[PDB]
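Only one chain is shown below, in structure tokens, and it's the form deposited without ligand WB1.
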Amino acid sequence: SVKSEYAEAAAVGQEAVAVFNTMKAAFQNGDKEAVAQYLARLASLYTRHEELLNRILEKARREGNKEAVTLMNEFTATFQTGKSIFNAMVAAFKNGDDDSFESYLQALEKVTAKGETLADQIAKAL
């Protein structure tokens, strides 16, 4: 069901939260080799979260679930903001710009924590 596919998408999101926090620790400790691997893992994880989310939106649309479509359209826009920041962090890491990596790191934490409440509304609406 779309609701179970959303619980599966939410766990994939939680994975990225967990990986991101051990990356943040590794960045702070100067462990670039770890950061690099964590960035690659997060990239696959965000790619999968986005994929699960598009399928759920498309299915909510096919189902005519108007409220769920509205909330998912907002949530996916917010997701893309997160993704654009993540991609900027990855570039900041490639360039050795740690001041911008720090910035992008903190931005992505505020975009994910702010998106939290909406994600909690979609679970109910599907």
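The first residue of the sequence shown is number 1, and the count goes up from there.
Not pictured, yet referred to below: the form deposited with ligand WB1 bound.
Within 4.5 Å of ligand WB1 in the deposited complex, a heavy atom is found for none of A26, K32 and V35. Ligand WB1 is not shown here, and in the deposited complex it never comes within 4.5 Å of any heavy atom of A92. Although the partner is absent from this view, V69 stays clear of ligand WB1 in the deposited complex, with no non-hydrogen atom inside 4.5 angstroms. Interface membership of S44, defined by any non-hydrogen atom within 4.5 Å of ligand WB1 in the deposited complex, is confirmed. Using a 4.5 angstroms threshold between heavy atoms, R61 stays clear of ligand WB1 in the deposited complex. Counting a residue when any of its non-hydrogen atoms is within 4.5 Å of ligand WB1 in the deposited complex, the hits in 1 to 34 run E8, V12, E15.
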